[PDB]
Amino acid sequence: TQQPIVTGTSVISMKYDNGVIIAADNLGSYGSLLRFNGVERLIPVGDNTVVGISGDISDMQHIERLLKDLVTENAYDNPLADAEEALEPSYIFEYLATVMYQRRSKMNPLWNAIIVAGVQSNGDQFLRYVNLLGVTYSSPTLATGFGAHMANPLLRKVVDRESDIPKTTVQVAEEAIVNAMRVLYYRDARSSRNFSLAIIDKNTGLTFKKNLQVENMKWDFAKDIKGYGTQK
Amino acid sequence: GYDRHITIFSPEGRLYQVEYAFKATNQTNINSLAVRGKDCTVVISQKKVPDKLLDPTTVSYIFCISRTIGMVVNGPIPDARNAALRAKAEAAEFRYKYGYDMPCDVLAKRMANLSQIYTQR
(Lines give C-alpha, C1' and ligand atoms only; values in the text may rest on other atoms or scores of the structure.)
Protein backbone atom coordinates (compact mmCIF):
# COMPACT_ATOMS: atom_id res chain seq x y z
CA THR A 1 0.00 0.00 0.00
CA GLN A 2 2.34 2.56 1.47
CA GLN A 3 1.68 6.14 2.51
CA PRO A 4 3.78 8.88 4.45
CA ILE A 5 5.48 7.50 7.60
CA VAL A 6 8.59 9.65 8.24
CA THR A 7 8.95 12.28 5.53
CA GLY A 8 11.58 14.78 4.36
CA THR A 9 10.82 18.33 3.08
CA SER A 10 11.92 19.64 -0.31
CA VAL A 11 14.95 19.53 -2.67
CA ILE A 12 15.39 22.68 -4.69
CA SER A 13 17.80 23.31 -7.63
CA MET A 14 18.60 25.45 -10.66
CA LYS A 15 20.88 25.73 -13.71
CA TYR A 16 23.42 28.28 -14.80
CA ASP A 17 25.72 28.53 -17.75
CA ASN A 18 28.41 25.99 -16.59
CA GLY A 19 26.46 23.67 -14.22
CA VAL A 20 23.65 23.20 -11.59
CA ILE A 21 23.33 23.59 -7.85
CA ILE A 22 21.09 21.37 -5.75
CA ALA A 23 20.25 21.65 -1.95
CA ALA A 24 17.99 20.21 0.65
CA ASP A 25 17.50 20.34 4.36
CA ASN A 26 18.23 17.53 6.84
CA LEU A 27 14.97 16.37 8.19
CA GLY A 28 13.09 13.21 8.61
CA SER A 29 9.92 14.33 10.43
CA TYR A 30 7.25 11.93 11.76
CA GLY A 31 4.71 14.48 10.68
CA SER A 32 4.48 17.59 12.95
CA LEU A 33 7.03 16.10 15.19
CA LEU A 34 10.49 16.69 13.88
CA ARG A 35 11.91 13.40 15.09
CA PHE A 36 15.18 13.15 13.11
CA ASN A 37 17.59 16.06 12.30
CA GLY A 38 20.93 15.52 10.72
CA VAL A 39 19.66 13.01 8.08
CA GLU A 40 21.27 13.89 4.79
CA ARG A 41 18.93 13.64 1.71
CA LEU A 42 21.46 14.53 -1.10
CA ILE A 43 23.19 11.38 -2.24
CA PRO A 44 26.15 11.80 -4.68
CA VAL A 45 26.64 9.08 -7.32
CA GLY A 46 30.09 9.54 -8.69
CA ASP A 47 31.40 13.11 -8.79
CA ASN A 48 29.31 14.38 -11.60
CA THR A 49 25.88 13.74 -10.12
CA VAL A 50 23.97 14.44 -6.92
CA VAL A 51 20.48 12.91 -6.60
CA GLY A 52 18.23 14.78 -4.21
CA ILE A 53 15.51 12.53 -2.82
CA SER A 54 12.31 13.84 -1.16
CA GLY A 55 9.33 12.11 0.21
CA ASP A 56 9.76 9.18 2.50
CA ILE A 57 13.14 8.60 4.22
CA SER A 58 12.60 4.79 4.30
CA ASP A 59 12.52 4.47 0.48
CA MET A 60 15.48 6.94 0.28
CA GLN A 61 17.72 4.45 2.15
CA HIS A 62 16.52 1.72 -0.19
CA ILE A 63 17.54 3.82 -3.22
CA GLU A 64 20.70 4.49 -1.40
CA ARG A 65 21.31 0.77 -1.73
CA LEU A 66 20.43 0.84 -5.54
CA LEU A 67 22.67 3.78 -6.43
CA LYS A 68 25.56 2.15 -4.55
CA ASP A 69 24.90 -1.28 -6.38
CA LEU A 70 24.83 0.59 -9.68
CA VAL A 71 28.38 2.07 -9.18
CA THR A 72 29.48 -1.58 -8.53
CA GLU A 73 27.90 -2.98 -11.82
CA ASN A 74 29.55 -0.26 -13.92
CA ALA A 75 32.95 -1.02 -12.32
CA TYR A 76 32.46 -4.65 -13.05
CA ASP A 77 34.36 -6.37 -15.82
CA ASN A 78 36.92 -4.27 -17.45
CA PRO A 79 38.47 -1.35 -15.62
CA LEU A 80 38.10 0.44 -19.06
CA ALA A 81 34.32 -0.27 -19.12
CA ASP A 82 33.89 2.55 -16.63
CA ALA A 83 36.47 5.13 -17.91
CA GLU A 84 34.69 5.94 -21.12
CA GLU A 85 31.61 4.08 -20.36
CA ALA A 86 31.55 6.07 -17.06
CA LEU A 87 28.17 7.01 -15.69
CA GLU A 88 26.09 9.84 -17.08
CA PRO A 89 23.25 11.53 -15.19
CA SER A 90 20.86 10.47 -17.97
CA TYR A 91 21.59 6.80 -17.09
CA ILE A 92 20.86 7.24 -13.40
CA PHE A 93 17.75 9.11 -14.28
CA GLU A 94 16.25 6.46 -16.52
CA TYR A 95 17.03 3.53 -14.18
CA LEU A 96 15.40 5.22 -11.21
CA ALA A 97 12.28 6.09 -13.35
CA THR A 98 11.50 2.60 -14.66
CA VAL A 99 11.81 0.84 -11.17
CA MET A 100 9.40 3.48 -9.54
CA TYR A 101 6.87 3.17 -12.41
CA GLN A 102 6.63 -0.68 -12.31
CA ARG A 103 6.58 -0.63 -8.42
CA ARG A 104 3.58 1.60 -8.50
CA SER A 105 1.86 -1.02 -10.50
CA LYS A 106 2.51 -3.70 -7.82
CA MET A 107 0.64 -1.05 -5.60
CA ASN A 108 3.29 -0.63 -2.99
CA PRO A 109 5.55 2.06 -4.67
CA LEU A 110 8.76 3.81 -3.61
CA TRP A 111 7.26 6.90 -2.07
CA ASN A 112 9.68 9.51 -3.22
CA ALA A 113 10.02 12.48 -5.36
CA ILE A 114 13.42 12.83 -7.03
CA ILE A 115 15.61 15.30 -8.85
CA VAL A 116 18.51 13.87 -10.79
CA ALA A 117 20.92 16.85 -11.32
CA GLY A 118 24.25 16.58 -13.00
CA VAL A 119 26.25 17.58 -16.01
CA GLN A 120 27.02 15.37 -18.97
CA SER A 121 30.55 14.71 -20.29
CA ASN A 122 29.63 17.08 -23.29
CA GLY A 123 29.03 19.80 -20.83
CA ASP A 124 25.27 20.07 -21.06
CA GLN A 125 23.31 21.00 -17.98
CA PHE A 126 20.98 18.25 -16.78
CA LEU A 127 18.08 18.84 -14.46
CA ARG A 128 15.12 16.45 -14.70
CA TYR A 129 12.45 15.17 -12.40
CA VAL A 130 10.87 11.90 -11.75
CA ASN A 131 8.37 10.85 -9.02
CA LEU A 132 6.68 7.61 -7.70
CA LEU A 133 3.88 7.99 -10.29
CA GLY A 134 6.53 7.95 -13.06
CA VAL A 135 5.90 11.43 -14.52
CA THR A 136 8.96 12.71 -16.33
CA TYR A 137 9.61 16.34 -17.14
CA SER A 138 12.51 18.67 -17.47
CA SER A 139 12.56 22.33 -16.37
CA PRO A 140 15.34 24.77 -15.93
CA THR A 141 14.31 24.93 -12.26
CA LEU A 142 12.96 22.13 -10.33
CA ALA A 143 12.02 21.27 -6.86
CA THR A 144 10.06 18.65 -5.11
CA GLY A 145 7.74 18.33 -2.15
CA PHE A 146 6.14 21.54 -0.79
CA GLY A 147 8.85 23.57 -2.47
CA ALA A 148 7.83 22.42 -5.89
CA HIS A 149 4.91 24.96 -5.77
CA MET A 150 6.31 27.29 -3.07
CA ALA A 151 10.06 27.64 -3.44
CA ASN A 152 10.11 27.01 -7.20
CA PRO A 153 8.11 30.27 -8.19
CA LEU A 154 11.00 32.48 -7.02
CA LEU A 155 13.56 30.29 -8.86
CA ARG A 156 11.68 30.32 -12.07
CA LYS A 157 11.78 34.12 -12.10
CA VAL A 158 15.59 33.92 -12.46
CA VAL A 159 15.30 31.32 -15.29
CA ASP A 160 12.03 30.80 -17.22
CA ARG A 161 13.43 29.36 -20.45
CA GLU A 162 16.65 27.89 -22.01
CA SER A 163 17.64 31.38 -23.22
CA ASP A 164 18.01 32.62 -19.72
CA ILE A 165 20.63 30.10 -18.79
CA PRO A 166 23.43 32.14 -20.33
CA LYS A 167 22.08 35.09 -18.27
CA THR A 168 22.66 33.29 -14.98
CA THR A 169 26.08 32.45 -13.32
CA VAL A 170 27.30 30.27 -10.52
CA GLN A 171 27.17 33.27 -8.06
CA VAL A 172 23.54 34.33 -9.10
CA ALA A 173 22.20 30.79 -8.48
CA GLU A 174 24.27 30.75 -5.27
CA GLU A 175 22.33 33.77 -3.75
CA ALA A 176 18.92 32.51 -5.08
CA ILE A 177 19.24 28.99 -3.41
CA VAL A 178 20.23 30.54 -0.07
CA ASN A 179 17.10 32.88 -0.48
CA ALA A 180 14.72 30.07 -1.59
CA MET A 181 15.88 28.07 1.41
CA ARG A 182 15.11 31.09 3.80
CA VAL A 183 11.61 31.21 2.21
CA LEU A 184 11.32 27.49 2.83
CA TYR A 185 12.37 27.68 6.53
CA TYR A 186 10.04 30.59 7.06
CA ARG A 187 6.84 29.34 5.45
CA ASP A 188 7.00 25.57 5.90
CA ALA A 189 6.34 23.82 9.29
CA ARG A 190 8.49 20.89 8.10
CA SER A 191 11.90 22.48 7.85
CA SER A 192 15.38 22.48 9.31
CA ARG A 193 17.58 25.40 9.64
CA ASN A 194 20.44 23.21 8.66
CA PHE A 195 20.93 22.63 5.06
CA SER A 196 23.56 21.05 2.95
CA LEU A 197 24.39 22.22 -0.51
CA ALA A 198 26.16 20.62 -3.39
CA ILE A 199 27.20 22.25 -6.51
CA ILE A 200 27.97 20.12 -9.71
CA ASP A 201 30.28 22.19 -11.93
CA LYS A 202 31.64 20.78 -15.11
CA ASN A 203 34.80 22.82 -14.76
CA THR A 204 35.59 22.34 -11.07
CA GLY A 205 33.51 19.21 -10.24
CA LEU A 206 31.57 18.32 -7.15
CA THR A 207 31.99 20.98 -4.37
CA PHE A 208 29.97 19.95 -1.38
CA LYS A 209 29.39 22.57 1.15
CA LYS A 210 27.68 20.94 4.10
CA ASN A 211 25.69 22.05 7.06
CA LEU A 212 24.95 25.81 6.39
CA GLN A 213 22.57 27.75 8.54
CA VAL A 214 19.96 30.25 7.29
CA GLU A 215 21.30 33.72 7.53
CA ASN A 216 19.91 37.28 6.82
CA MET A 217 16.75 36.48 8.79
CA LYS A 218 14.18 39.13 9.93
CA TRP A 219 11.80 39.13 12.90
CA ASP A 220 11.84 42.91 13.46
CA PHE A 221 8.26 43.32 12.31
CA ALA A 222 6.90 41.01 15.12
CA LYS A 223 7.23 43.76 17.78
CA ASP A 224 4.95 46.16 16.04
CA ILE A 225 1.75 44.13 15.99
CA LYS A 226 0.44 41.87 18.75
CA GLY A 227 -3.06 40.36 19.12
CA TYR A 228 -4.89 38.41 16.45
CA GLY A 229 -6.56 41.39 14.80
CA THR A 230 -9.15 42.77 17.11
CA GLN A 231 -6.91 43.25 20.13
CA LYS A 232 -4.94 46.54 20.08
CA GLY B 1 -59.34 62.32 28.25
CA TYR B 2 -56.19 60.25 27.97
CA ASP B 3 -54.06 62.89 26.22
CA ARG B 4 -52.23 63.50 29.49
CA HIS B 5 -52.49 59.99 30.93
CA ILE B 6 -50.70 58.25 28.06
CA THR B 7 -48.29 59.36 25.35
CA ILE B 8 -50.83 60.20 22.62
CA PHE B 9 -50.96 63.65 21.01
CA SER B 10 -53.25 66.38 22.29
CA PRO B 11 -54.95 69.17 20.26
CA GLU B 12 -51.92 71.28 21.32
CA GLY B 13 -49.59 68.73 19.68
CA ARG B 14 -47.65 68.58 22.94
CA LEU B 15 -47.22 65.42 24.96
CA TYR B 16 -48.10 66.16 28.58
CA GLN B 17 -46.92 62.74 29.78
CA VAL B 18 -43.44 63.60 28.44
CA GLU B 19 -43.46 67.06 30.12
CA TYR B 20 -44.07 65.43 33.53
CA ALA B 21 -40.78 63.50 33.18
CA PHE B 22 -38.80 66.77 33.22
CA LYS B 23 -40.83 67.82 36.28
CA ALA B 24 -39.34 65.11 38.45
CA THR B 25 -35.61 65.39 37.71
CA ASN B 26 -35.25 68.67 39.59
CA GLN B 27 -37.18 67.38 42.61
CA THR B 28 -34.14 65.43 43.82
CA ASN B 29 -32.36 68.81 44.06
CA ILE B 30 -28.99 67.68 42.75
CA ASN B 31 -26.96 70.15 40.73
CA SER B 32 -24.17 69.24 38.34
CA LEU B 33 -21.53 71.30 36.61
CA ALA B 34 -19.51 69.83 33.76
CA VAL B 35 -16.65 71.59 32.01
CA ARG B 36 -14.32 70.63 29.20
CA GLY B 37 -10.63 71.08 29.99
CA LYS B 38 -7.82 71.10 27.43
CA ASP B 39 -7.11 67.41 27.99
CA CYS B 40 -9.89 66.27 30.28
CA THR B 41 -13.53 66.68 31.15
CA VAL B 42 -14.46 67.19 34.79
CA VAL B 43 -17.90 66.80 36.29
CA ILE B 44 -18.74 67.59 39.90
CA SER B 45 -22.13 66.96 41.43
CA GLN B 46 -23.94 67.32 44.75
CA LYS B 47 -24.05 64.43 47.19
CA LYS B 48 -26.13 65.80 50.05
CA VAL B 49 -26.62 63.12 52.72
CA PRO B 50 -28.48 64.49 55.77
CA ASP B 51 -28.45 61.26 57.79
CA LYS B 52 -26.10 59.56 60.22
CA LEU B 53 -27.57 56.19 59.27
CA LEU B 54 -27.04 56.36 55.52
CA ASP B 55 -23.54 55.39 54.45
CA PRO B 56 -22.41 58.39 52.31
CA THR B 57 -19.87 56.35 50.32
CA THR B 58 -22.63 54.25 48.73
CA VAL B 59 -24.72 57.36 47.99
CA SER B 60 -23.52 58.12 44.50
CA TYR B 61 -24.73 59.38 41.14
CA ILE B 62 -21.57 58.88 39.07
CA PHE B 63 -21.66 55.48 37.38
CA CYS B 64 -18.91 54.25 35.08
CA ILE B 65 -20.59 52.97 31.94
CA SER B 66 -17.33 52.39 30.14
CA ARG B 67 -13.80 52.40 31.46
CA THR B 68 -13.33 55.73 29.62
CA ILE B 69 -16.88 57.15 29.75
CA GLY B 70 -18.53 58.33 32.97
CA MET B 71 -22.21 59.14 33.39
CA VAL B 72 -23.65 61.55 35.97
CA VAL B 73 -27.32 61.38 36.78
CA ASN B 74 -29.66 64.15 37.87
CA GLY B 75 -33.03 62.73 38.87
CA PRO B 76 -34.47 59.65 40.62
CA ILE B 77 -32.15 56.75 41.43
CA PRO B 78 -34.41 53.75 40.28
CA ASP B 79 -34.51 55.15 36.75
CA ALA B 80 -30.79 56.00 36.98
CA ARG B 81 -29.86 52.36 37.57
CA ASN B 82 -32.04 51.07 34.71
CA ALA B 83 -30.53 53.61 32.31
CA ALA B 84 -27.04 52.74 33.56
CA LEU B 85 -27.62 49.00 33.11
CA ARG B 86 -28.92 49.47 29.57
CA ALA B 87 -26.07 51.82 28.63
CA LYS B 88 -23.40 49.43 29.97
CA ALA B 89 -24.94 46.55 28.01
CA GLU B 90 -24.89 48.54 24.75
CA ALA B 91 -21.33 49.80 25.28
CA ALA B 92 -20.07 46.23 25.72
CA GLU B 93 -22.12 45.15 22.68
CA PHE B 94 -20.48 47.82 20.51
CA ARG B 95 -17.01 46.43 21.34
CA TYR B 96 -18.30 42.95 20.47
CA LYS B 97 -19.77 43.72 17.03
CA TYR B 98 -17.72 46.69 15.77
CA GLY B 99 -14.39 45.87 17.37
CA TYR B 100 -14.02 49.09 19.36
CA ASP B 101 -15.74 50.61 22.41
CA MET B 102 -18.86 52.75 21.95
CA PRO B 103 -18.27 56.52 21.43
CA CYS B 104 -19.83 59.06 23.81
CA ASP B 105 -21.80 60.57 20.89
CA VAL B 106 -23.39 57.29 19.86
CA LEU B 107 -24.01 56.03 23.41
CA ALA B 108 -25.95 59.26 23.96
CA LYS B 109 -27.87 58.74 20.71
CA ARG B 110 -28.71 55.15 21.62
CA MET B 111 -30.24 56.08 24.97
CA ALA B 112 -31.97 58.99 23.18
CA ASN B 113 -33.60 56.57 20.74
CA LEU B 114 -34.75 54.22 23.51
CA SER B 115 -36.30 57.20 25.33
CA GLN B 116 -38.39 58.02 22.23
CA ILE B 117 -39.54 54.39 22.01
CA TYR B 118 -40.54 54.53 25.70
CA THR B 119 -42.69 57.58 24.86
CA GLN B 120 -44.00 55.85 21.73
CA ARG B 121 -45.37 52.99 23.80
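Residues numbered from 1 in each chain as written, not as in the entry; some residues may be left out. Chains lettered and ligands numbered in written order. Part of a larger assembly, values for the part shown. Heavy atoms only, no water.

Method information in the entry identifies cryo-EM as the source of the structure, with 5.4 Å recorded as the resolution.

Visitor: For the packing of helix α2 (residues 77–98) of chain B against helix α3 (residues 104–118) of chain B, give the residues involved together with the corresponding values.
Guide: Residue and element names in this part refer to chain B. The contact between α2 and α3 brings their axes to 10 Å, and the two run at 130 degrees. Classified by the interaxial angle, the pair formed by α2 and α3 is oblique. Crossing hand, α2 versus α3: right-handed. Two secondary-structure elements touch here, α2 through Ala83, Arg86, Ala87, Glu90, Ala91 and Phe94 and α3 through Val106, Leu107, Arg110, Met111 and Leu114. Each residue belonging to the contact of α2 with α3 can be placed in one class, and the counts come to eight nonpolar, no polar and three charged. (Axes fitted to C-alpha atoms, helices over the stretch in contact; angles between N-to-C directions. Helix = DSSP H or I, 4+ residues; strand = E, 2+ residues; numbered from the N terminus. Parallel < 35°, antiparallel > 145°, perpendicular 65-115°, else oblique. Left-handed = near helix turned anticlockwise from the far one by under 90°. Contact = heavy atoms within 4.5 Å. Nonpolar A, V, L, I, M, F, W, Y, C, P; charged D, E, K, R; others polar.)

Visitor: Residue-level account of the sheet that holds strand β2 (residues 19–25) of chain A, with values.
Guide: Residue and element names in this part refer to chain A. Strands sit in the order β10-β1-β2-β11-β12 across an open sheet of five strands; the sheet is antiparallel. Whereas interior strands pair on both sides, the edge strands pair on one side only; in this sheet they are β10 (141–143) and β12 (206–212). With strand direction ignored, the average angle separating the axes of adjacent strands in the sheet is 10 degrees. Pairing of strand β1 (residues 11–15) with β2 involves five bridges; the strand directions are antiparallel. In the sheet register, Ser13 faces β2, and the bridge partner there is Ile22. Together, β1, β2, β11 (195–201) and β12 form the strand contacts of helix α4 (residues 170–187), whose direction differs from that of β2 by roughly 20 degrees. (Pairing = 2+ DSSP bridges.)

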